[PDB]
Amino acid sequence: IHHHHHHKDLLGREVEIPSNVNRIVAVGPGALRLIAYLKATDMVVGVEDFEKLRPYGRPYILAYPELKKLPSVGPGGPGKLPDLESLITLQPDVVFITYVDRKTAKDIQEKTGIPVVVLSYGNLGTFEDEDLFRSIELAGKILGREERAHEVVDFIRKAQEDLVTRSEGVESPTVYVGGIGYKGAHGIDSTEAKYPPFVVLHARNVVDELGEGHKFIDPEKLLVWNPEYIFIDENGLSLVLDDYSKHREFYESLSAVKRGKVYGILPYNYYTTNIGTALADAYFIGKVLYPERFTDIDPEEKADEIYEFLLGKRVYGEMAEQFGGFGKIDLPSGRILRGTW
């Protein structure tokens, strides 16, 4: 008879787990990311095929590439469940899972005989979701990473506070973000209302009239909104560039284009939120909109400070090689002018 504890997961399920935890699996969008942030990668005994098959957009897998070599626990990806026989064979002490319901968690736990803990990123429209922080704390307790959990959450909270502080009292310019991935890549018409990097900087997002979350808009409305600054999420950059080449007159009529105020940002939404990348993007956008309040911030160095803290490796360079990196975009050539704002 070994010592156990009872843990209340993000669905309010009480789960009994031995206190001695050494072997884990993390499945569903962003579950493995949180384990990476908690420095518990060496406990991971199986991995979704997704990590190797879809290699881009995720700092954690660039920081911990050895995870790709572990035995399969299933395909992964959105809407997939782990392979139960793989779980039974690997016998982790606990399975962490995201984006499932109680029925599903119960079924996996009962069929495998392995404790299942549901984690949650909660609302993706904020840097301070309490379910996300709770998830980090809870996995921290279960994994013996409690101090590290507090540190991760505090880092995120302080970054939010710092961005608010730096932006306090400045006039808010009009802005737009396009190119946002949403079940596939999209171009200029794919945006977001209540976009967290904008919201923390109180930027006047021209689509915020639409409410919150992902939006597809009529790009003719851009001609009326005429945002002072345009940010292109680099998951959609190729599509935007192709659109530009086909519709040069449309784009050249926008004041953002006229003034060279079109910039590339790194994608952060791949397999739910890459929190480091989202924060790095907010520092880059802040420097662009409010340069006097960011004179001490080199956005590329800051991205690597973030990644080094959360993931222990300076992966910005690899991200910039995948997507382009931070800088003004020259729409005719498709080049990113790195080190510009």
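In this text, residue numbers run from 1 along the sequence as written.
Given 210-218 and 197-205, the range whose Cα B-factors average higher in the PDB entry: Mean C-alpha B-factor is greater for 210-218.
Chain thirds of CA B-factor: placement of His7: Answer is middle: the recorded C-alpha B-factor places it there.
Entry-reported Cα temperature factor of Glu128, expressed as the chain third it lands in: For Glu128, whose C-alpha B-factor we compare with every modelled residue in the chain, the answer is the highest third.
Within-chain third of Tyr56 by Cα B-factor, per the entry: Its C-alpha B-factor belongs to the highest third of this chain's values.
CA B-factor placement of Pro75, once the chain's modelled residues are sorted into thirds: Answer is highest: the recorded C-alpha B-factor places it there.
Where the record places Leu223 (Cα B-factor, split into thirds across the chain): For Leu223, whose C-alpha B-factor we compare with every modelled residue in the chain, the answer is the highest third.
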